[PDB]
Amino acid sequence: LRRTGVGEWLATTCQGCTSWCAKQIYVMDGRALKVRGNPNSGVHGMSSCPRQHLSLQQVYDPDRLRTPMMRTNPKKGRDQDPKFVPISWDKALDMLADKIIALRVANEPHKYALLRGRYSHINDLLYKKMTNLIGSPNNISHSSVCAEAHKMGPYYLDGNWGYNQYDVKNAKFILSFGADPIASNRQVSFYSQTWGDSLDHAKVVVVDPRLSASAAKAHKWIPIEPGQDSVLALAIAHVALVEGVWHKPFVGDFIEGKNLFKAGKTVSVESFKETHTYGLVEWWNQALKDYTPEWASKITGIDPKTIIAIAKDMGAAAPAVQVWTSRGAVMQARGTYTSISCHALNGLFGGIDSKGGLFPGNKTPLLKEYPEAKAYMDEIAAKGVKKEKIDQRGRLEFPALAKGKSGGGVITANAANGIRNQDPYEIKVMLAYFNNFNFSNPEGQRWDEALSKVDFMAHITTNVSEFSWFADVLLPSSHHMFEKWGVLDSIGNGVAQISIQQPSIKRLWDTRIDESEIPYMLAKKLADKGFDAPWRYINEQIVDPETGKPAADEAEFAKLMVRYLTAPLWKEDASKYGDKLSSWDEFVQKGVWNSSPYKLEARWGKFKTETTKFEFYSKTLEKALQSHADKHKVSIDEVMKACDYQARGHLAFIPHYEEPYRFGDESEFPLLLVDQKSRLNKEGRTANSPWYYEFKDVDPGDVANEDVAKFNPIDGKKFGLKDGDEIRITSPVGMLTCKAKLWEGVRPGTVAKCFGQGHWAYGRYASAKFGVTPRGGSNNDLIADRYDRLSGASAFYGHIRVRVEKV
């Protein structure tokens, strides 16, 4: 009669962070009881971070929506109770469909916007195709409030507009500018699995204004002043050249063998023969020759002997050297050149695409888009998609140079400003999913204002979050991890994997899957009302890869969307890229497809840069800036000035020191905010889980069941603070209240506080009084709306000055 072990394990994927780990769910008596890493995973195996267990308080969250709703208070605002009442799916989508069709009749489909927060790889239909067919260019992702500045170095130096995996198992030196990979970043499960072991063969240095978990388990913690990371990166490169310890097999060497790099002195470009890099000597002559350890120590306070020793240790470890950048180092108004300066070291020491270094995700045959929709665009749609985007990307002061294109990248946080100012125009109809921009974007009160000015908005969400407060209609989502068909990927351990999301329980409430069932039902409703292009596109183009037939109903369509994109993994023989799977059923049962190991040096000699080299002098960035300048009939120097960078001339294209942007009077606001994530944050989605609070002190220095801001005792004494005091923290743009904690792991002159609390909605555990009073304090109310304009990224670090007081 014993029951231990008699349940079933079913494969899915976690999305508590962009690690996107493959999981198994243990189900008994129809309930999900356990989560573990999927042993079939080649990236991480059964290894997991702690947040996997919090998933069970999300699907079984007692504040989830069980029905569509409409607001009945016609006023919108933080001060206005929406007075939601229940309606049917048919009525909710009827209301949305009517508003969309009215835009098309009025020849203003560009006044529709689709907002995307989290997502899976089946998102193309809801995000792009539905939006363009309606006739709008305003499919707005969250990428620029995430980490687009972190892609600038990799793209403009080695052609990778994307992330890297870090070969920790083979590393001999690990240098982290703000990354804390045993707590956050993009494979917490795998880097936690390996971090302790790696300390036995790698020297590890963590540069962070706070003592992170990773820094506590490192050979050196460098408590950098916020925004000064590039000073250390540049001085390390300088010493490497003076000492002659760049990685010659990758970079090259002087023609006559003798090292001619002497501090402060220019060198003939023609005396050096580069192999797989471009621009080393120009970089030296234009800037790096004067970035001495003494220069760096004066700015940072770091011992120059420590800088020199690090550079020499990296030289001896090459090419098994890897340099990490986090959001904290690069999501700053001038942060593009921190990504470039730190990532340049991965080329200088040969770690890029090398054993022990870092490299991109492996190739897989997963499809990422549904078929082209060109035949389904009518004249109304063709005209609308050409309009300027609501986030103003591509204007002189917003180059947002994703993948080398002026206006190529989203500017998520600025969409609130375009909407608020009706510039370029008014947004009249909005559909949003899996997002909470009032809470997650800097100075989110701007989204309060913007959303209050939108005639009709519908939010696809599990919970009534802060963003939902401003909705006309709520469309409750089936939970991504337990009630949904989806597909994701992950990279690490030298491989890329593709994993399934599948329902593991009977659907709890009257919800629908955001990315499949809802666009399908909406397309059907639009067709009933005379606009059938989305419906025709769906049932003629998204058909089963085996039978060629369209879906018979909602539930079938949810699975079909995954079958369509994954067919190359299980319908074909994918052996050339990794695993050979025999059937769709085997894919579902195992839950994951694994690639072959990464082929080291694969990209050497064929980077997707202008020169095909690893560019210390980025001709790739020069070409992109030239394009933007020519578009606006100005010089590149005038672009730099308009975007508030210090660089002029050749400095715009090389690693160089930008003084960090700061906002506010330092005498009034004497502390620099050090925003951090909680290691129990599933992005902005675990504040309504009681277990989160019970264990909140696993964040070093923090306090269970509380929201604390951490001060060094020096500053606590200065401002008369004691542990447990209720405090108000104020910046030039806003304030929050929380409690005080004194902790020596905080750099004096800074205050380290986790993002994630401060909800005033979401649920009964996340808020003090639902809809009225927050629990804890909302970090982004402190953070002025600022941008790394070359990337479009929002700034969350470095520029935030605050003051503190009791009560």
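In this text, residue numbers run from 1 along the sequence as written.
Enquirer: Decide which of the stretches 712 to 720 and 678 to 686 has the higher mean C-alpha B-factor, going by the entry.
Expert: Comparing 678 to 686 with 712 to 720, the higher mean C-alpha B-factor belongs to 712 to 720.
Enquirer: Comparing 583 to 591 with 372 to 380, which stretch shows the greater average C-alpha B-factor in the deposited entry?
Expert: Averaged over C-alpha atoms, the B-factors run higher in 372 to 380.
Enquirer: What's the residue among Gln502, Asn362, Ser268, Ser465 with the greatest CA temperature factor in the PDB record?
Expert: By C-alpha B-factor in the record, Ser268 ranks first.
Enquirer: Have a look at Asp489, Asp699, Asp510, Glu397 and flag the one whose Cα has the highest B-factor in the entry.
Expert: Across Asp489, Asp699, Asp510, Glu397, the entry lists the biggest C-alpha B-factor for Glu397.
Enquirer: For the chain shown, is the CA B-factor of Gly749 in the lowest, middle or highest third of its modelled residues?
Expert: For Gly749, the deposited C-alpha B-factor lands in the highest third.
Enquirer: Sorting the chain's CA B-factors, does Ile182 end up in the lowest, middle or highest third?
Expert: Lowest third of the chain for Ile182's C-alpha B-factor.
Enquirer: Would you check the entry's CA temperature factor for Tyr425 and let me know if it's in the chain's lowest, middle or highest third?
Expert: It falls in the top third of the chain.
Enquirer: Relative to the other modelled residues in the chain, which third contains the C-alpha temperature factor of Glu659: lowest, middle or highest?
Expert: It falls in the middle third of the chain.
Enquirer: Sort the modelled residues of this chain by their C-alpha B factor and say whether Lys529 lands in the lowest, middle or highest third.
Expert: According to the entry, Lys529 has a C-alpha B-factor in the chain's highest third.
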